[PDB]
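The primary structure of each chain is shown beneath.
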Amino acid sequence: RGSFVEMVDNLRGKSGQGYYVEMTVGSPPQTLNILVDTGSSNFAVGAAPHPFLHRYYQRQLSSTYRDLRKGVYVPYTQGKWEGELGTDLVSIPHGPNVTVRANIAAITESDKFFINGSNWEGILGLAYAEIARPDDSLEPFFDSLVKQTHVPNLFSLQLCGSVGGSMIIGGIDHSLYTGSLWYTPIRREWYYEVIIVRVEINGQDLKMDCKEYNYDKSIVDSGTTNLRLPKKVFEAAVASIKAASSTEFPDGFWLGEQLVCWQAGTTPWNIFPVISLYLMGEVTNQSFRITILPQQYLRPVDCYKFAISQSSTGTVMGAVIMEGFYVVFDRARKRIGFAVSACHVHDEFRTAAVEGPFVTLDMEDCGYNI
Ligand SMILES: NCCc1ccc(O)cc1
């Protein structure tokens, strides 16, 4: 229940290119590296010899493959992916010792989806059916797993910022965090949606209507590199960070329009403030806060990209946030747990923190309605 030695360190990645897990599909098993994404709900894998791919799903070689005779098309601002739906037997070698029949989208055509030079060939959507394509009747992988086996309905992620981490399926491993876990309610089961109730730059409040911290929505997404903030919030966030760091920078840097560079080991972390997000707690009028460092929002590419950016889809707590914490996707109890990661990067002066309880009133007002 609190120990899963087989699953520790089962994630790999490259900075900026997400985290992937090894999976097998079909009989006999075809091994594939699969992007772990809590911000989507489709299990989709390369199914054709696209030049960027090390390997791909070869349906003809699998005796357990079943055609669903239906296509799916997933557009993005940039490009897209499109594929043919089927089901096959699925395992996770460094995961629970089970095999499940799952929906799989065999990707036959894509644009700006696969990355030139990456070691992954598909995507594992870990969120809920509501945002699955083409519709909510296509059961996501994790639902299928829970329905078909005795695996408990939760998973946890330790992302360590080349890069590594752990995906514990069906439980929590207490060696992956220190201190206590703090839980925030899943507002609605589609994305992993939560509510931010207060934001502090260097222990100083932004004094904004908290309804806008979640303008549209706030989600926990392992497929996004950045901490992403709603336009109005990003505007005020930058402004405060800008004035907090008036110790030493181009204008385009703050909009992600260019990079900023320093000499090896001369990176000024201390001229940058800590950032605290207060999340809604499990108890009426009770919240807690998570605190990340510039280590998190200044991502190396010594040249670094400012890892905070504006959005029209709301707040996104991506790898910037997640790399500081052990994160528990407690689906059975409709809540997300946060604790200090036993692997997060810090200095001798400041470390990542999860603290509570705090008294916060009108937290429901922070939740934006359709
Ligand atoms: N939710 C999609 C996450 C994603 C990001 C980048 C990429 O190339 C493919 C997928």
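Counting starts from 1 on each chain and follows the sequence as written, independent of the entry's numbering; residues without coordinates are not shown. Working from all heavy atoms in the structure, the side-chain values ignore hydrogens and water.

Colleague: So what exactly am I meant to see when it comes to the layout of surface pockets here?
Modeller: Taking a probe equal in size to a water molecule and rolling it over the atoms shows the remaining empty space. The way it works is a 1 Å grid over only the protein atoms, where trapped points that fit a 1.4 Å probe form a cavity and open points with protein on both sides within 12 Å along at least five of seven lines form a pocket, and then any residue with an atom within 4 Å of a point lines it. Grid points are joined across faces, edges and corners, and a volume is the space filled by probe spheres set on the points. Counted as a void, the largest pocket has a volume near 1400 Å³. Taken together, 38 residues make up the lining of the largest pocket; nearest its centre are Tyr-76, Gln-78, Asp-221, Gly-223 and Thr-224. All residues other than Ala, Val, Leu, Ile, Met, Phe, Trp, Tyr, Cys, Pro, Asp, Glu, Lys and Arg, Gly among them, are scored as polar; the first ten of these are nonpolar and the last four charged. Looking at side-chain class alone, the lining of the largest pocket contains 13 nonpolar, 19 polar and 6 charged residues.

Colleague: I would appreciate a short explanation of the pairing of strand β5 (residues 66–75) in the present structure.
Modeller: On any regular strand, side chains alternate: one points to one face of the sheet, the next to the other face. Here the rule is simple: two strands pair whenever DSSP picks up at least two bridges between them. A run of H or I in DSSP becomes a helix once it reaches four residues, and a run of E becomes a strand once it reaches two; helices and strands are each numbered from the N terminus. When β5 meets strand β6 (residues 80–91), the two strands line up antiparallel, connected through 7 bridges. By the bridge assignment for β6, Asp-67 is matched with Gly-86. Connecting the antiparallel pair β5 and β6 is a turn made up of 4 residues.

Colleague: Can you walk me through the nonpolar core in this structure?
Modeller: Within soluble globular proteins, side chains that are nonpolar tend to cluster in buried spots. The definition of a nonpolar core used throughout is a set of buried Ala, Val, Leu, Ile, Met, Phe, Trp, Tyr and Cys residues joined through side-chain atoms within 4.5 Å. Throughout, exposure labels follow a simple rule: accessible area from a 1.4 Å probe, protein chains only, divided by the maximum for the residue type, with under 20% read as buried, over 50% as exposed, and the rest as partly exposed. Judged by nonpolar contacts, the single largest core of 103 residues is most densely connected at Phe-43, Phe-141, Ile-290 and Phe-338. By convention here, the domain bounds are inherited from an automatic or database domain assignment. Looking at which domains feed residues into this core, each of domain 1 (19–151) and domain 2 (152–370) gives three or more. Residue contacts are counted whenever heavy atoms from the two residues lie within 4.5 Å of one another. Once residues within four sequence positions are removed from consideration, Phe-338 is found in contact with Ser-180, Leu-181, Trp-182, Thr-184, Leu-279, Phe-288, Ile-290, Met-317, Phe-325, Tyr-326, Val-327 and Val-354.

Colleague: For this particular structure, what's the right way to read the UniProt feature "disulfide bond" in the chain?
Modeller: In this description, a disulfide is simply a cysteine sulfur pair whose atoms lie within 2.5 Å. UniProt positions are given in the numbering used here, feature names are shortened, and annotations may be inferred rather than shown by experiment. Of the disulfides listed in UniProt, the one joining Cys-160 and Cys-343 is reproduced in the coordinates: its sulfurs are separated by 2.1 Å, less than 2.5 Å. On the accessibility criterion, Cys-343 (25% relative accessible area) is partly exposed. UniProt's annotated cystine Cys-261-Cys-303 is reproduced in these coordinates, with an S-S distance of 2.0 Å, under 2.5 Å. Looking at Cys-261, the relative accessible area reads 46%, which means it is partly exposed. Classification of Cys-303 by relative accessible area gives partly exposed; the value is 27%.

Colleague: I tried to follow the domain arrangement of the chain on my own but got confused; where do I start?
Modeller: How big an interface is tends to be expressed through the accessible area that disappears when the partners come together. Taken as a whole, the chain is organised into domain 1 (19–151) and domain 2 (152–370). Centre-to-centre, using C-alpha coordinates, domain 1 lies 28 Å away from domain 2. In this assembly, 18 residues from domain 1 lie in contact with 26 residues from domain 2. Summed over both sides, the interface of domain 1 with domain 2 buries roughly 2000 Å², with 65% coming from carbon and sulfur. Here the buried area means the combined drop in accessible surface, using a 1.4 Å probe, for two parts upon being joined, counting both sides. Of all residues in domain 1, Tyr-19, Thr-38 and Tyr-128 give up the largest surface area on contact with domain 2, accounting jointly for 40% of the area buried on that side. Each reported salt bridge corresponds to a side-chain nitrogen of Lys or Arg within 4 Å of a carboxyl oxygen of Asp or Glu. On inspection of domain 1 and its partner domain 2, the count reaches 2 salt bridges.

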